[PDB]
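J.: For what it's worth, mature numbering (1 follows the signal peptide of the UniProt record, and there is no 0) labels the leading residue of the sequence shown as 70, then goes sequentially.
Yeah, the Cβ is synthetic: ideal placement off N, Cα and C, and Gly gets one too.
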Amino acid sequence: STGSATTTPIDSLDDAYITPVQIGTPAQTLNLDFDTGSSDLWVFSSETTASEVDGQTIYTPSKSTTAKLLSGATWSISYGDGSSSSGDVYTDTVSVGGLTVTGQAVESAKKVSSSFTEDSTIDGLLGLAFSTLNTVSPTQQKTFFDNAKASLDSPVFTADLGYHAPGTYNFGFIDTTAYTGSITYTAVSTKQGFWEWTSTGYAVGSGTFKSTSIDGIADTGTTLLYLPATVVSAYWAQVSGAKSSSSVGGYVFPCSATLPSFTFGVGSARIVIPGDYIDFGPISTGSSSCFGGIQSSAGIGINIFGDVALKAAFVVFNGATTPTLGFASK
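1. Could you pull out every unbroken alpha helix (DSSP H) segment of at least 4 residues lying fully inside the stretch 184 to 237, listed in chain order?
2. Since I believe residue 92 is in contact with residue 128 (beta carbons under 8 Å), could you give me their beta-carbon distance rounded to a whole number of angstroms?
3. Tell me the rounded alpha-carbon separation between residue 181 and residue 204.
4. Tell me whether residue 253 is buried or exposed, calling it buried when 16 or more other Cβ atoms sit within 10 Å of its Cβ.
5. Excluding five sequence neighbours on each side, which residues of the same chain lie with their C-beta closer than 7 Å to the C-beta of residue 145?
6. Please go through the same chain and pick out, in chain order, the residues whose beta-carbon is closer than 6 Å to the beta-carbon of residue 209, but skip the five residues on each side of it.
7. In terms of DSSP beta bridges, what is residue 388 paired with?
8. Hey, residue 76 and residue 207 are a contact pair by Cβ (cut 8 Å); roughly how many whole angstroms apart?
9. I need the DSSP call for residue 377, collapsed to helix, strand or coil.
10. Measure from the alpha carbon of residue 96 to the alpha carbon of each residue in 70, 132 and 71, then state which is nearest.
11. Would you say residue 229 and residue 383 are within 8 Å of each other, going by their C-beta atoms?
12. Restricting to runs no shorter than 3 residues, where is the beta strand (DSSP E) found entirely within the stretch 292 to 344?
13. Keeping to the same chain, check which residues put their C-beta closer than 7 Å to that of residue 264; ignore five residues upstream and five downstream.
14. Taking 8 Å as the threshold (C-beta atoms), are residue 159 and residue 137 in contact?
15. I want to know whether the stretch 114 to 123 touches the stretch 212 to 229 - three or more CB-CB distances under 8 Å.
16. Does the pairing of the stretch 275 to 282 with the stretch 354 to 365 give three or more beta-carbon distances under 8 Å?
17. Which residue wins for smallest C-alpha separation from residue 74, given the options 333, 217, 115 and 240?
18. Identify whether residue 132 lies in helix, strand or coil by the three-state DSSP scheme.
19. Can residue 168 and residue 72 be called in contact, C-beta distance under 8 Å?
20. Looking at the strands, I want to know which residues DSSP matches up with residue 180.
21. How is residue 265 classed by DSSP in three states: helix, strand or coil?
22. If we call anything under 8 Å between Cβ atoms a contact, is residue 192 one with residue 100?
23. Residues in the same chain with beta-carbon distance under 6 Å from residue 381, minus the five sequence neighbours each way, listed in chain order, please.
24. Give me the Cα-Cα distance between residue 259 and residue 336, rounded to the nearest whole angstrom.
25. What are the residues that DSSP puts in a beta bridge with residue 110?
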């Protein structure tokens, strides 16, 4: 089997991407944030504290003839950005882009933190990291990909995120028309439950390439590119007037600037992030100070190749017995 679904930016800055997901019978379609950095499929629901729902579409398991309460199961998650959610668990039928899993754990939110409530466009998350990170207790549950894997034509999914435009998540096949040149594959460590890999280095603008190992995660659920302070300093030094602002919470730059590109290495290959992808707009409405899309990972504890990086590539998440990641230009 295969699946193919369009993923759409939630706003004009590509702050996140939503993909329609069919849950239950009859289908209830929710727009979920596909997140390769976590492993829970959770949704706003009829059980969510009413004051914490503000415009989201909810899953109502009582209206699904295939929903079954997973007795005694609870979940609770906290994300790298400080947000959180928790609740109980159903199993139900879940389909993405024509690909159907029966008995998928659908984690129903009883509580969500303010950042989720305040984002009317995201109805929940669909985790695509390794199932070892899944938070369901006392019996850990499998991700959608993990459940689908054996049925797929090939045990892979691909992320093709757009810049200020829709893109595609495919399951079970590689669309050879969706990228240019070749896909370069690189080793993955699953020891932390992530799609963790090591970039071979970077360049700023038309500058020379610096060969240096950068261990980090491919994370579709994180907006920006988080890299070591040395790398980030070298980037922003090429933008006149850019500075790190503690009050704002990262590097800012004059909105009148033209940003240089940023290149990252995948083996001997190179992915170029155009400068415009690094612009996240005014820090507040009307400001002439703009927020940077490359920020320091210092104090996160891990480097994160988030959407800023991934949207510059066609990315293969290969879930073979030994997982690997593939990157191609597009």
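T.: With the given structure in hand:
1. 213 to 217
2. Taking the sequence shown and counting its residues from 1, the one referred to as residue 128 is at position 59. Taking the sequence shown and counting its residues from 1, the one referred to as residue 92 is at position 23. With 8 Å as the limit, residue 128 and residue 92 qualify as a contact, their Cβ atoms being about 6 Å apart.
3. Position 112 of the sequence shown, counted from the first residue, corresponds to residue 181. Position 135 of the sequence shown, counted from the first residue, corresponds to residue 204. Each residue's Cα considered, the two are about 15 Å apart.
4. Taking the first residue of the sequence shown as position 1, residue 253 is located at position 184. Buried.
5. In the sequence shown, the residue the question calls residue 145 occupies position 76. Only 155 and 204 meet the Cβ criterion.
6. Along the sequence shown, read from residue 1 onward, the residue named residue 209 stands at position 140. Closer than 6 Å at Cβ, skipping near neighbours: 203.
7. Position 319 of the sequence shown, counting from 1, holds the residue named residue 388. Residue 388 pairs with nothing; no bridge assigned.
8. For the purposes of this step, residue 76 is taken as the residue at position 7 of the sequence shown. For the purposes of this step, residue 207 is taken as the residue at position 138 of the sequence shown. Not a contact, Cβ separation roughly 33 Å.
9. Taking the sequence shown and counting its residues from 1, one reaches residue 377 at position 308. Of the three classes helix, strand and coil, the one that applies to residue 377 here is helix, per DSSP.
10. The residue you call residue 96 lines up with position 27 of the sequence shown. For the residues 70, 132 and 71, the minimum Cα distance to residue 96 belongs to 132.
11. Reading the sequence shown from its first residue, position 160 is the one you call residue 229. Reading the sequence shown from its first residue, position 314 is the one you call residue 383. The answer is yes: Cβ separation under 8 Å.
12. 294 to 296, 312 to 314, 319 to 323, 331 to 335 and 338 to 342
13. Locating residue 264 in the sequence shown gives position 195, where the first residue counts as 1. If we look at residue 264 and ignore the five residues flanking it on each side, its Cβ neighbours are 105, 198, 257, 286, 287, 386 and 394.
14. Stepping through the sequence shown from its first residue, residue 137 is reached at position 68. Stepping through the sequence shown from its first residue, residue 159 is reached at position 90. Yes. Within cutoff.
15. no
16. no
17. Position 5 of the sequence shown holds residue 74. Answer by Cα proximity: 240.
18. As a working note, residue 132 is residue 63 in the sequence shown. The answer is helix: DSSP assigns residue 132 an H, G or I state.
19. Working through the sequence shown from its first residue, we reach residue 168 at position 99. Working through the sequence shown from its first residue, we reach residue 72 at position 3. Yes, Cβ-Cβ distance for residue 168 and residue 72 is below 8 Å.
20. What you label residue 180 is simply residue 111 of the sequence shown in a count that begins at 1. Beta-bridge pairing links residue 180 to 155.
21. Here residue 265 refers to the residue found at position 196 when the sequence shown is read from its first residue. Strand, per DSSP.
22. The residue you call residue 192 lines up with position 123 of the sequence shown. The residue you call residue 100 lines up with position 31 of the sequence shown. Against a cut-off of 8 Å, the Cβ pair of residue 100 and residue 192 comes out as a contact.
23. To locate residue 381, count along the sequence shown from 1; it is residue 312. Excluding residues within five positions, the ones whose Cβ falls inside 6 Å are 340 and 342.
24. Here residue 259 is taken as the residue at index 190 of the sequence shown, counted from 1. Here residue 336 is taken as the residue at index 267 of the sequence shown, counted from 1. When rounded, the distance between both Cα atoms is 19 Å.
25. Your numbering for residue 110 matches position 41 in the sequence shown. Residue 110 is bridged to 195.
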